[PDB]
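In this analysis, Cβ positions are derived from the backbone assuming ideal geometry, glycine residues included, and neighbour counts consider all displayed protein chains. Just so you know, all these numbers are worked out from the coordinates, no wet-lab data involved.
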Amino acid sequence: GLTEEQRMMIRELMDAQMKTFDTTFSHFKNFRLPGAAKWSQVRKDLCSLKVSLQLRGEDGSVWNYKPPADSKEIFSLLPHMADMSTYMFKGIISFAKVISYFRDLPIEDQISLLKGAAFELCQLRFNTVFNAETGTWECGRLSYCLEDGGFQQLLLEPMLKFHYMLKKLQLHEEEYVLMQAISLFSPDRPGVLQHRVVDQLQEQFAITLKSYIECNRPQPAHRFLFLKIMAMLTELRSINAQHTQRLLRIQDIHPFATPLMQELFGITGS
Ligand SMILES: CC(C)(C)c1nc(-c2cccc(NS(=O)(=O)c3c(F)cccc3F)c2F)c(-c2ccnc(N)n2)s1
């Protein structure tokens with residue numbers, strides 16, 4: 001069983017998630033849509049995603065967008081993705097701010113922790129709207145569908161393999177929100193000062209997750225689930241570092257980051 005404190009911890013996380021995760025994306029509006037050796041790398045960077053976009057109007061109409069092939073056209077999706085990322089990042093910041101364990105840290109460590117983890121928490125939330133059968137992220141009236149190598153070739157992209165592998169674990173809402181907490185409270189992000197406090201908090205969240213899995217998932221399929229989840233969080237941190245470098249290269253060639261994104265990625269405006 002869980003202790004009273006562990007149940008309180010989960011309930012506080014679940015409450016924060018429900019208050020700040022707009023799962024239907026109803027308040028995502030007014031977003032933009034698609035109308036030397038540095039460049040080869042930036043081309044390789046931009047070619048790894050490849051999603052088409054679908055927008056279902058409230059009246060029943062459907063707009064569909066199919067991206068081009070790399071023949072400047074590789075940048076046509078960046079303003080839209082910047083708007084989606086900014087919307088998600090806002091939700092993530094709200095999440096952190098309604099959690100008492102986070103509100104209790106000094107403001108400087110709050111900022112450091114958010115800068116370190118915003119990408120990761122975004123990816124964790126996107127996994128809950130990922131449909132692994134159709135290869136699509138279902139964000140309310142918006143859908144992002146992976147373009148057609150096959151599934152095996154898709155799994156070569158680490159973010160995509162991450163989404164398929166994590167979806168396969170069939171986690172509960174409580175396990176997702178504890179993964180978000182373990183990621184947010186990482187004592188080893190640059191600029192963290194209360195390293196010991198954050199480390200103890202993280203360990204508590206991880207113990208709560210371990211005990212929750214033990215008390216509620218006895219089936220042979222969920223043997224080692226806790227260790228699988230922690231390995232996924234390690235892999236997600238790696239993905240975060242490579243995507244940060246990728247974003248900074250693209251931003252160096254073709255600026256696109258919003259002010260919130262610039263703040264989170266350490267871009268100063270100078
Ligand atoms: C909706 C769906 C299909 C799940 C996506 N989410 C992101 C995504 C996920 C998390 C954060 C950001 N924004 S971001 O700021 O983290 C960032 C970029 F917007 C662009 C490049 C790297 C990067 F880290 C994203 F764009 C996608 C995405 C698109 C292009 N590049 C990258 N790295 N991610 S695709």
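Under the shape rule built on the C-alpha gyration tensor, where the axes satisfy a ≥ b ≥ c, the range 143-270 is oblate, since a/c reaches at least 1.5 while a/b does not exceed b/c.
Placing a label point 7 Å from the Cα of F265 along the Cα-to-Cβ direction, the residues of the range 203-240 whose backbone N falls under 14 Å from that point are 240. When a/c is below 1.5 the answer is rounded, else prolate if a/b is larger than b/c, else oblate, so apply that to the range 118-169 with a ≥ b ≥ c taken from the square roots of the Cα gyration tensor eigenvalues. In terms of gyration-tensor shape, oblate. Taking the helices alone, the chain has a mean residue ellipticity at 222 nm of -19000 deg cm²/dmol, built from -39,500 (n - 2.57) per DSSP H run of at least 4 residues and averaged over all its residues.
Look at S71, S183, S40 and count the other Cβ atoms within 10 Å of each Cβ; fewest to most, that gives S71, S40, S183. When you filter the chymotrypsin sites (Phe, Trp or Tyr not before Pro) in the range 151-249 for DSSP loop state and at most 14 other Cβ atoms inside 10 Å of their Cβ, you are left with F224. Electrostatic tally near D45: other residues with Cβ closer than 15 Å to its Cβ, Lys and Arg +1, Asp and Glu -1, net +3. Ordering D45, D199, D104 by the number of other Cβ atoms within 10 Å of each residue's own Cβ, fewest first, gives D104, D199, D45. Checked against a 24 Å cut-off, the cross-linked pairs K29/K66; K44/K161; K72/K161 give Cα-Cα distances beyond that limit for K72/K161. Restricting the GluC sites (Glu not before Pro) of the range 78-145 to loop positions (DSSP other than H, G, I, E, B) with no more than 10 neighbouring Cβ atoms within 10 Å leaves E133. In order along the range 248-257, phi translates into HN-Hα couplings of 5, 4, 4, 4, 5, 7, 9, x, 8, 4 Hz, rounded to whole numbers, per the Karplus curve 6.51 cos²θ - 1.76 cosθ + 1.60 with θ = phi - 60° and x for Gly and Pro.
In plain terms, the residue of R32, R249 with the fewest other Cβ atoms within 10 Å comes first and the most crowded comes last, giving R32, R249.
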